[PDB]
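Here is what each chain is made of, one letter per residue.
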Amino acid sequence: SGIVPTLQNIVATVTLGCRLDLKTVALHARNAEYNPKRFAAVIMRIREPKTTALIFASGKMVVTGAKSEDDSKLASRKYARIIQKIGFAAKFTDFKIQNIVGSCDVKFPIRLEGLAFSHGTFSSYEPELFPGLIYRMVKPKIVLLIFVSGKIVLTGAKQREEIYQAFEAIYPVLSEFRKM
Amino acid sequence: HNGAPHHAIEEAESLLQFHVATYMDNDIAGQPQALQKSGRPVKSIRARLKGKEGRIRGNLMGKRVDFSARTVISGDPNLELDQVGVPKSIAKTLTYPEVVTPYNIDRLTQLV
Amino acid sequence: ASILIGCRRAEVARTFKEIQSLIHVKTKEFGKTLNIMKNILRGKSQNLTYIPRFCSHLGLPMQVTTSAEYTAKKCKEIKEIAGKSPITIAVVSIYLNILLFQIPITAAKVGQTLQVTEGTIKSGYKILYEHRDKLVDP
Amino acid sequence: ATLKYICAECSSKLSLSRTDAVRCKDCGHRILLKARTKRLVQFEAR
Amino acid sequence: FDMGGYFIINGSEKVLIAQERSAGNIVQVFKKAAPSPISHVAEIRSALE
Amino acid sequence: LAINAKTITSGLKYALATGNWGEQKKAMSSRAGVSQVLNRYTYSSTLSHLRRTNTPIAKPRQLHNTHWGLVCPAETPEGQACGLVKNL
Amino acid sequence: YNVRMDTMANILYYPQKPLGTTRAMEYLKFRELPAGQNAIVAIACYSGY
Amino acid sequence: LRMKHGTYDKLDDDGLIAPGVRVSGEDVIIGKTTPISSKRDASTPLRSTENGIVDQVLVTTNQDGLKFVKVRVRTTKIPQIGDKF
RNA sequence: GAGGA
DNA sequence: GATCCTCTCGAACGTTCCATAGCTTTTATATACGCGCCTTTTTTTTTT
DNA sequence: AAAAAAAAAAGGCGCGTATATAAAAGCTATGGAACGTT
Ligand SMILES: [Zn+2]
């Protein structure tokens, strides 16, 4: 065991607590994107940290695309200021971790069919559909996306250890349903 | 009790009446037969008794009994007119209950 | 979900795609539903079977099928990209056997018959030719 | 050899545990015979 | 020596007994008994083949 | 797409296996008695079976002159069915 | 018969074709699958048995 | 808990009698048991009247994939006092 | 189905 | 009705329109592995 | 003979498959209403 499921992404929503002018942000801001016919969301991205700001008409701004919690936070604080840089009285309010997407590798194929027959209470392999396996640990509430290549993808989390602590309790089962 | 759409009541009433009817007699003339999930109609009570192996003629006026046997017969001119040659294996099976008296107690002891 | 449950329990091999060709399920909500249903039934309480079905669908004889059987049996122990959704591995084992033989069922017919990739077969065949060492019974 | 089953069609030999129930491995048949015993059965010449 | 002529259902050989029936499309005339009011009848049970 | 073959398949099979000529839902209203089990007791019994003949339900039990040469004047299962069952 | 597996088979040991035959029995393959033997019968009242 | 009171000694582990074995009475010929879900006996003794030799035992799978078995018993019948001719 | 008588 | 025995089988309807929750909206990502489809690659082709 | 053009596809990523979160903004459908309609 002892494999850290590296967070492949971290999501975070921050509310500006205001109401911008969506056309105004499109014309004035530089790293901004917003299309009415598709979805009324401002597509704002900053090069450092490289995340995306899912800014809606109601000031709900989502920070996605970082790999760590604070990068998804640091980008947000930059995100709010650049909105303030437009000329609005935006405010960095209501920051929260939304989701932590993460994957790992075990370097050995796993008997997911073995995982499914004994741990079918917990396993789900769809070789015809999904080359991984969905192993949802209740405590912590983490889903282990368990691939035949060994890719154990973990997400549905806002706690960094929750991804980590769940794996430490699941590797022996993969060694149970391993080949070599 | 739960509201009376006044003429679904008859639609269910006649149903109940029909059910009881065919239950006591599945052979009402000018009727459907209450079938049972198989095509075979239901064996109402009345048909449980109808003649020729109803209860009466089949289980009361005549039944099937123990202590009996059945076989092919064969003539024999060395049997007294009233005798009958029951084959040994049969006699090994049919029995007759004697009562132990001083007259037979020894013999019965030998038998047992 | 329950149909695949019944087939697996009675040892019947059935493709999600076959089941979906029976029923419009969108296959993704189907995946989630089968997952949850399997978990429910596990609370309430082996991939070789697919070979002969496709052997029949392609019209293949029984010795060919048993050659494929032994190939698939060794497939589990021949990681080195063994299975990763082993339906592809089964179909490539079939392709190995037909190429070992002289059967005019060239990849086009088998692919269009089994709704499989014309390229994943050769992707498997790449490692299959190296793997050829551990596949000769007689 | 000692025997456990016979393929019906191929008329060869075979052995099996509680495994498969079919497949004269050569012909892959589905009917097998129970490979007559060796109890040296006794018989009465009459 | 087996001569065929039968079906195998569930592995049990079944055989269809020929059924006899009256001929269709044939006109027939019958007297009727005294109690009836009709003294004669001509009947024809026409049917498509 | 979505044609219930099992309808025809099972319908034919069931009808043969029981001989109730009718529908699988028809229990008694279906005519029965066809499709017996091919008496194979003795070769000749088999042959005779395959050429048998039935009549449901006018003196039909009689032996009419027109049977000459078409139906065996002799063979018939005396009993209730005497005269009804015939053989070619 | 020894290959069929059906209920209730009865096979004679030493069948014999009849001595008195009819032409037609040829077509019934009877004299190849006979169904009895030729006993030396004697018609007599021997011992009333 | 449902032993047939006959004689199970004949058959082998697969609940079958090898052909050529002599049987009689109501010796079981098929040992089939059912789970209670320990497990009760649902064997198949042969007819209490008769006896003979197991002739040939055929094992196969049903149409649907159920393993299923046919057994044939051989017996010689000599004419007796009552037989019909 | 079977069916003997 | 229609003998006798074995033995085999399966005010209701419209009508309007608020009120529930969803869904679906993009967008981060691990894998395989599907078509998708660009483009240049690569030929085949036509004319000079 | 030689130039130039006409056109198939190969291979690569299309995105797309599923898998899993996490976010409410056009649309859907469910859920609620009782009063217009005979
Ligand atoms: Zn064989």
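For every chain, the first residue of the written sequence is numbered 1, i.e. counting runs from 1 onward, and this need not coincide with the entry's numbering; residues without coordinates are not included. Labels are handed out in written order, letters beginning with A for the chains and numbers beginning with 1 for the ligands. Shown here: chains from a larger assembly, with each value referring to the shown part only. With hydrogens and water set aside, each side-chain value is computed from the structure's full complement of heavy atoms. Residues with missing side-chain atoms are left out of burial classes, side-chain pairs and their counts.

Method of structure determination, per the deposited record: cryo-EM was used for this entry, reaching 3.1 Å resolution.

## Some details on the coordination of the zinc ion
All names here are of chain D. Only nitrogen, oxygen and sulfur atoms qualify as donors, provided they sit within 2.8 Å of the metal or within 3.2 Å for Na, K and Ca; with water excluded from the atoms, sites may seem incomplete. Binding of the zinc ion to the protein goes through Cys7 (SG) and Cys24 (SG), at separations of 1.8 to 2.2 Å. Note that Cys7 is positioned in strand β1 (residues 6–7) and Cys24 in the loop between β1 and β2 (31–33), a separation of 17 residues in sequence. Residue classification places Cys7 among the buried residues on the basis of a relative accessible area of 1%. A run of H or I in DSSP becomes a helix once it reaches four residues, and a run of E becomes a strand once it reaches two; helices and strands are each numbered from the N terminus. Throughout this description, buried means an accessible area under 20% of the type-specific maximum (1.4 Å probe, protein chains only), exposed means over 50%, and partly exposed covers the range between.

## Re the protein's contact with RNA strand I
Taken together, F:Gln36, F:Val37 and H:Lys84 make up the full set of residues near RNA strand I. Residue proximity to a molecule or strand is established when one non-hydrogen atom of the residue lies within 4 Å of it. Considering the 4 Å shell around the protein, atoms of RNA strand I inside it are sugar or phosphate in 91% of instances. In protein, a polar contact means a hydrogen-donor-capable atom and an acceptor-capable atom, both N or O and within 3.5 Å, with residues adjacent in sequence counting only if both atoms are side-chain atoms; elsewhere, any N or O pair within 3.5 Å suffices. Interatomic distance of 3.0 Å between a side-chain N/O atom of F:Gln36 and a sugar or linking oxygen of RNA strand I.

## Thoughts on the packing of helix α6 (residues 87–100) of chain C against helix α8 (residues 120–131) of chain C
All names here are of chain C. Relative orientation of the contacting elements α6 and α8 amounts to 70°, with a least axis distance of 9 Å. Classified by the angle their axes make, α6 and α8 are roughly perpendicular. In the packing of α6 onto α8, the handedness of the crossing is right-handed. Mapping the contact onto sequence places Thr88, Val91, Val92 and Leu96 in α6 and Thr120, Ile121, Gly124 and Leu128 in α8. When residue character is reported, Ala, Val, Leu, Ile, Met, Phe, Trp, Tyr, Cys and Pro are called nonpolar, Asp, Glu, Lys and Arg charged, and the others, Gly included, polar. Split into classes, the residues belonging to the contact of α6 with α8 amount to five nonpolar, three polar and no charged. The axes are straight lines fitted to the C-alpha atoms, using for helices just the contacting stretch, and the angles between their N-to-C directions are given from 0 to 180°. The labels follow the angle: roughly parallel below 35 degrees, roughly antiparallel above 145, roughly perpendicular from 65 to 115, and oblique for the rest. Each crossing gets its handedness from the near helix: less than a right angle anticlockwise from the far helix is left-handed, clockwise is right-handed. Residues are treated as being in contact if the distance between any of their heavy atoms lies within 4.5 Å.

## Here we look at the nonpolar core
Remark: nonpolar core denotes a set of buried residues (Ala, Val, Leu, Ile, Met, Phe, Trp, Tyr, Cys) joined through side-chain atoms within 4.5 Å. In this structure, A:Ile110, A:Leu112, A:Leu115, A:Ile146 and A:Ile152 are the most contacted members of the largest nonpolar core, which totals 28 residues. Excluding residues within four positions of it along the chain, A:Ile146 makes contact with A:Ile110, A:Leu112, A:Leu115, A:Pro131, A:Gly132, A:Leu133, A:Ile134, A:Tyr135, A:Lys151, A:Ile152 and A:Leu174. Ranked by size, the runner-up nonpolar core spans 22 residues in total, among them C:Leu58, C:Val92, C:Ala107 and C:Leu114.

## Quick notes on a positive patch on the surface
Each patch is built from residues lacking any salt bridge and having more than 30% relative accessible area; the joining distance is 9 Å for like charges and 5 Å for nonpolar side chains (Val, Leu, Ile, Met, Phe, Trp, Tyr). Only the protein chains shown count as covering a residue, and every accessible area follows the Shrake-Rupley method with a 1.4 Å probe. Any carboxyl oxygen of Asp or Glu that lies within 4 Å of a side-chain nitrogen of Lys or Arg is treated as forming a salt bridge with it. In this count, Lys and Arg are taken as positive residues and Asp and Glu as negative ones, while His and the chain termini are left out. The atoms used to mark charge sites are NZ of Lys, CZ of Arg, CG of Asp and CD of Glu. A cluster of basic residues, B:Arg40, B:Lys43, B:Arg48 and B:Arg55, forms a positive patch at the surface. Relative to the helices and strands, B:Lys43 is located in the loop between α1 (9–24) and α2 (45–49).

## Topic: the pairing of strand β8 (residues 130–137) of chain A
If a strand is regular, its side chains alternate between the two faces of the sheet. Residue and element names in this part refer to chain A. Taken together, the two bridges between strand β7 (residues 125–126) and β8 define a ladder with antiparallel strand orientation. Note that in β8 the partner of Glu126 across the bridge is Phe130. In this analysis, strands are considered paired if DSSP registers two or more bridges between them. Where β7 hands over to β8, the hairpin turn is made up of three residues, counted between the paired strands. Relative to strand β9 (residues 142–146), β8 runs antiparallel, the two sharing four bridges. From the neighbouring strand, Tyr135 faces β9, where its bridge partner is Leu144. Remark: four residues form the turn of the hairpin made by β8 and β9, two consecutive strands paired antiparallel.

## A closer look at the interface of chain F and chain E
Taken together, the contact between chain F and chain E spans 21 residues of the former and 17 residues of the latter. What counts as buried area is the accessible surface, traced by a 1.4 Å probe, that two parts surrender upon association, with contributions from both included. In total, chain F and chain E occlude about 1,700 Å² of area from one another, counting both sides; carbon and sulfur atoms represent 64% of this. When the buried surface of chain F facing chain E is broken down by residue, F:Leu16, F:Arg40 and F:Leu50 rank first, second and third, together holding 26% of it. The greatest single-element share of the side of chain F that touches chain E, amounting to five residues, is contributed by helix α2 (residues 43–50) of chain F. Pairing of strand β3 (residues 18–19) of chain E with strand β1 (residues 52–54) of chain F, which is carried by two bridges, proceeds in the parallel orientation. Along β1(F), the bridge assignment pairs E:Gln19 with F:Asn54.

## Side note on the arrangement of the chains
Left apart from each other, chain C and chain F have a closest C-alpha approach of 8 Å. Between chain E and chain H there is no contact, and the shortest C-alpha to C-alpha distance separating them is 9 Å.

## Things to note about the protein's contact with DNA strand K
Residues in close proximity to DNA strand K total 25 residues, the closest being A:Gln98, A:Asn99, A:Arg136, A:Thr155 and C:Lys28. What you see for DNA strand K is that sugar and phosphate hold 80% of its atoms within 4 Å of the protein. Taking C:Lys28, its main chain carries an N or O atom lying 2.7 Å from a phosphate oxygen of DNA strand K. One of the backbone N or O atoms of C:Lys32 is found 3.3 Å from a phosphate oxygen in DNA strand K. For the surface near DNA strand K, the element with the highest residue contribution is β8(A), accounting for four residues. Partitioning the surface near DNA strand K into residue classes produces 12 nonpolar, seven polar and six charged.

## Digging into the interface of chain A and chain C
Contacts between the two partners involve 22 residues from chain A and, on the opposite side, 22 residues from chain C. In total, about 2,100 Å² of surface goes out of reach between chain A and chain C, with carbon and sulfur atoms giving 56% of it. The interface formed by chain A and chain C includes zero salt bridges. At the junction of chain A and chain C, the tally comes to six residue pairs in polar contact. For the side of chain A that touches chain C, the secondary structure elements donating two or more residues are α3 (112–118), β7 and β8 of chain A. With three residues, the single largest contributor to the side of chain A that touches chain C is α3(A).

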